[PDB]
Amino acid sequence: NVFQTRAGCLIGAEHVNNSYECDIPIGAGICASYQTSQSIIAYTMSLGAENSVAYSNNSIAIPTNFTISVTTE
Amino acid sequence: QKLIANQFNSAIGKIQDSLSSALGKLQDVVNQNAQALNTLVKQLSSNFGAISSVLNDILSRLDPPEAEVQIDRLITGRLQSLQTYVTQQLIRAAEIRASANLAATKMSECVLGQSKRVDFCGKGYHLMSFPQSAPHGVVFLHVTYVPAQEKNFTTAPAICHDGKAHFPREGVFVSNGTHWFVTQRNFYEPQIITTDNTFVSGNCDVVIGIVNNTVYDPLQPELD
Amino acid sequence: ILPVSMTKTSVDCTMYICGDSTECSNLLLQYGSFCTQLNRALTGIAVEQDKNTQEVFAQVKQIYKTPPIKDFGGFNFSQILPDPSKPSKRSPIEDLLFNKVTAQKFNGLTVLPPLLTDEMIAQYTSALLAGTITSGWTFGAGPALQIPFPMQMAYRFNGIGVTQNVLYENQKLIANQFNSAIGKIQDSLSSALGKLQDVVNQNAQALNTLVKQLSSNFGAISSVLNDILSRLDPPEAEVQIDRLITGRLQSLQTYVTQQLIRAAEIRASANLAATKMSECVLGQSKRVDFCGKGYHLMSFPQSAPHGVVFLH
Amino acid sequence: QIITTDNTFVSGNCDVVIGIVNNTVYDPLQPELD
Ligand SMILES: *[C@@H]1O[C@H](CO)[C@@H](O[C@@H]2O[C@H](CO)[C@@H](O)[C@H](O)[C@H]2NC(C)=O)[C@H](O)[C@H]1NC(C)=O
Ligand SMILES: *[C@@H]1O[C@H](CO)[C@@H](O[C@@H]2O[C@H](CO)[C@@H](O)[C@H](O)[C@H]2NC(C)=O)[C@H](O)[C@H]1NC(C)=O
Ligand SMILES: *[C@@H]1O[C@H](CO)[C@@H](O[C@@H]2O[C@H](CO)[C@@H](O)[C@H](O)[C@H]2NC(C)=O)[C@H](O)[C@H]1NC(C)=O
Ligand SMILES: *[C@@H]1O[C@H](CO)[C@@H](O[C@@H]2O[C@H](CO)[C@@H](O)[C@H](O)[C@H]2NC(C)=O)[C@H](O)[C@H]1NC(C)=O
Ligand SMILES: *[C@@H]1O[C@H](CO)[C@@H](O[C@@H]2O[C@H](CO)[C@@H](O)[C@H](O)[C@H]2NC(C)=O)[C@H](O)[C@H]1NC(C)=O
Ligand SMILES: *[C@@H]1O[C@H](CO)[C@@H](O)[C@H](O)[C@H]1NC(C)=O
Ligand SMILES: *[C@@H]1O[C@H](CO)[C@@H](O)[C@H](O)[C@H]1NC(C)=O
Ligand SMILES: *[C@@H]1O[C@H](CO)[C@@H](O)[C@H](O)[C@H]1NC(C)=O
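Residues numbered from 1 in each chain as written, not as in the entry; some residues may be left out. Chains lettered and ligands numbered in written order. Part of a larger assembly, values for the part shown. Heavy atoms only, no water. Residues with missing side-chain atoms left out of burial classes, pairs and counts.

- Its PDB header names cryo-EM as the technique used to obtain the model and reports a resolution of 3.54 Å.

- Chain C has the name Spike glycoprotein in the PDB entry, where Severe acute respiratory syndrome coronavirus 2 is given as its organism.
- In the PDB, the entry goes by the title "SARS-CoV-2 wildtype spike trimer (6P) in complex with 3 YB9-258 Fabs and 3 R1-32 Fabs (3 RBD up)".

- Naming follows the PDB entry, where chain A appears as Spike glycoprotein of Severe acute respiratory syndrome coronavirus 2.

As structure tokens, this is what we get:
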């Protein structure tokens, strides 16, 4: 119902501890989205895919295939 | 070659389908220009502190000696509005000039050649760009080269064959568990370590990491 | 030192030009288009400042974590990588820069908080550092790979015309020189910031001038708009009120133009810093004297308040 | 220049490119071993 964040007071949307991607920005590292009925939820934006690259002093990765991608600017 | 041609055709079709589903950079400047134009037309509907908005009404109901202060007030209000519009247009024109300089550099480098700078002509290794006509702008079809599938390998920075360290000229020493091969850093092309692709530089007692490998020495079999 | 963002602010007319009087709002309707222009310009400036952080730090959509193995062939990364002793994610160097560089919301000149916090900027810099020391350039140009740092440094040596046989023969010397250079720049950075302190001082000076202009009569008989209303009568003091509004409007337009010029300069600096990151950080730029004086090998970005630094 | 081994590298088989021609290589180490 009523949520208090760093960027003021936010009403009309609940707060969820889960972190997803940021669609509609709000401020101070918190965004809102219309997810699952369904309602607007305010949450901390995810910074990306949390993955760890296996690094070793005798380990290398050589690609074996490729995709020809075209990007429109 | 057929696989790369099919991938390029599929990418062209994919961006054609995606672009048919609006534009952000091109539609922004048109919207700003339209908003500025609309504000310029709507400015004359105000009074700027005077008793009338149109000069005809005040000039009709009051004599020009009485309308002198109101006409001067309207003059300075419209002058301030025109100065603000000119300043905004100058800032927007500077932004468009910077964007056009960036696009000209992009056309000079990525379109008229292969730019060696990364992350300038699309994400990944740039190959070529195809410019297309756009209203009040230009777009570039940055044909890039990115890896898709990779494998884990065991690497050694040098090879000591007969007391001398061997280093790859362009490739890198990789292993799949039992044998050792050399391949480029952008594709997996395992090759037998030979004299042609390896050069001797000093001994093998100066590098922290090394493996006990051998050299095929292709000169030797053809000597018999 | 290259600044990438400045202080975001939002200034309205009813709170700055007007006070607690109703006739000010009635006379402000004839200049409502100007206030709409100024509000739209300030909103666009805030949006531009929010976008500038994304183009510089958010170059990778995947977060890379530093492996627990700190054996990088002799290269000491303690100062650039975050430490687990401090709860904050700032690197030792970042912590030094945070304290190195140093209300105005009284009259409605509120400050909009940035979309990306300093912790998130530090996390972005740490992810970029982890990607650089484990893949070099493949994490910024496609799928992320793995490579030892000795081989990555040999690869960086090959990009300037020097073969790789001069690296492994004196790898200890190169590692010691790199550690000594990192210690030297750490010691020299503790002695202030030129580019970063200029924009903050300029914004503070602009805000101070904005609140100081309210104490000027602008040719009228009073400075505040309440004294004329309390002492004089409305219809004869309307000229003094209108003079106050047009003076405050001229001051606000001058402030808006100055902030727009400063925002254009900030956008140019942010584009320059983003290009520097994309070329020198996410790879090896072949342009001479672009990533430093000499032959460039690699760069380590570090988080800074309202800016970013590069350790080429 | 005369097409030799030094400036040409071998990779793959022959029936992989749609456009190929028949030619000879001087093999600059063959006369030296005589
Ligand atoms: C590299 O990737 C391409 C594209 O995914 C692969 O091409 C596909 O190959 C499969 C089986 O050979 C076919 O069923 C698909 O139709 C192909 N797709 C396209 C677009 O041509 C290719 O096989 C991959 N190469 C390797 C060595 O894995
Ligand atoms: C690693 O790659 C090498 C090169 O292909 C493999 O060695 C060959 O293996 C095949 C059968 O697996 C043999 O017929 C060849 O004679 C081998 N080559 C040589 C030079 O001996 C090797 O098997 C691969 N390792 C693994 C674990 O698959
Ligand atoms: C690679 O092979 C060489 C020669 O077989 C090894 O060098 C010998 O190492 C043993 C013990 O490590 C010494 O007792 C010998 O005196 C060395 N001989 C020479 C000629 O140097 C070398 O150790 C091998 N590499 C590894 C990693 O085991
Ligand atoms: C990397 O550099 C740091 C310097 O910041 C080293 O940390 C120092 O280690 C010495 C040795 O005991 C201590 O006396 C200092 O107090 C440490 N300084 C700090 C700030 O912690 C660290 O040891 C170096 N690591 C390597 C592997 O060389
Ligand atoms: C290039 O040389 C190859 C082999 O020397 C030729 O291939 C032969 O073609 C004839 C007639 O087309 C066949 O009878 C043989 O069986 C083929 N041999 C092989 C090994 O494929 C090829 O025709 C030559 N190309 C040209 C243009 O003359
Ligand atoms: C390489 O190994 C790491 C962990 O050992 C794993 O996460 C990664 O998926 C492996 N790479 C491939 C291509 O399988
Ligand atoms: C890699 O590092 C580990 C940990 O110190 C060490 O045991 C191993 O010998 C190293 N390998 C090489 C090839 O240097
Ligand atoms: C070139 O294209 C023509 C037109 O189809 C074709 O007849 C010819 O065989 C082609 N040559 C090569 C070498 O591909």
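Don't stop here, the text continues.
## A word on the sheet that holds strand β6 (residues 39-44) of chain A
Pairing between the strands of a sheet is mediated by backbone hydrogen bonds and can be parallel or antiparallel.
Residue and element names in this part refer to chain A.
Then comes step 1: Pairing in this open sheet of 4 strands is mixed, and the strands run β3-β6-β5-β4 from one edge to the other. Both edges of this open sheet fall to β3 (14-15) and β4 (24-27), since each of them pairs with a single strand only.
Then comes step 2: Relative to strand β5 (residues 30-35), β4 is paired through 3 bridges, and the arrangement is antiparallel. Bridging from a neighbouring strand, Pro25 pairs with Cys31 of β5. (Pairing = 2+ DSSP bridges. Helix = DSSP H or I, 4+ residues; strand = E, 2+ residues; numbered from the N terminus.)

## Considerations on the interface of chain B and chain A
Then comes step 1: Listed per partner, the contact involves 35 residues of chain B and 16 residues of chain A.
Then comes step 2: There are 1 salt bridge connecting chain B and chain A.
Then comes step 3: Remark: the boundary between chain B and chain A carries 14 residue pairs in polar contact.
Then comes step 4: Taken together, the elements giving at least two residues each to the side of chain B that touches chain A come down to α1 (2-19), β2 (137-147), β3 (150-156) and β6 (172-175) of chain B.
Then comes step 5: Considering each element in turn, the side of chain B that touches chain A owes the most residues, 10 residues, to β2(B). (Contact = heavy atoms within 4.5 Å. Salt bridge = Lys/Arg side-chain N within 4 Å of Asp/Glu carboxyl O. Polar contact = N/O pair within 3.5 Å; in protein donor to acceptor, adjacent residues only side chain to side chain.)

## With respect to a negative patch on the surface
Residues and elements named next belong to chain C.
Then comes step 1: Taken together, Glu23, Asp233, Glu236 and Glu238 make up a surface patch of like negative charges.
Then comes step 2: With respect to the element layout, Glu236 can be found in helix α9 (residues 234-281).
Then comes step 3: Take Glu236: its relative accessible area is 55%, and that puts it in the exposed class. (Patch = residues over 30% accessible without salt bridge, like charges linked within 9 Å, V, L, I, M, F, W, Y side chains within 5 Å. Areas by Shrake-Rupley, 256 points an atom, 1.4 Å probe, with all protein chains shown as cover. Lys, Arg positive; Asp, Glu negative; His and termini not counted. Charge placed at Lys NZ, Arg CZ, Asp CG, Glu CD. Buried < 20%, exposed > 50% of the residue type's maximum accessible area, 1.4 Å probe, protein only.)

## Notes on the packing of aromatic side chains
Then comes step 1: A complete count under the given rule lists 22 aromatic pairs over all chains for this structure.
Then comes step 2: With a centroid separation of 5.1 Å and an interplanar angle of 65°, the aromatic rings of C:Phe75 and C:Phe149 are classed as edge-to-face. Like C:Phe149, C:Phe75 is buried.
Then comes step 3: Considering the side-chain rings of C:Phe77 and C:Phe300, the 6.1 Å spacing of their centres and the 55° angle between planes classify their relative orientation as tilted.
Then comes step 4: Overall, the relative accessible area of 4% leaves C:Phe77 in the buried class.
Then comes step 5: For C:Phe300, a relative accessible area of 2% puts it in the buried group.
Then comes step 6: Pairwise contacts between aromatic rings join A:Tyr55, C:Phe72, C:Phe75, C:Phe77, C:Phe149, C:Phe178 and C:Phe300 into one cluster.
Then comes step 7: The positively charged end of B:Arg117 is found above the aromatic ring belonging to B:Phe120, 3.9 Å away from the centroid.
Then comes step 8: The cationic tip of C:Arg287 hangs over the ring face of C:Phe290; the distance from NZ or CZ to the ring centre is 3.7 Å. (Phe/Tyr/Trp six-rings, centres within 6.5 Å; stacked < 30°, edge-to-face > 60°. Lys NZ or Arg CZ within 6 Å of the ring centre and 35° of its normal.)

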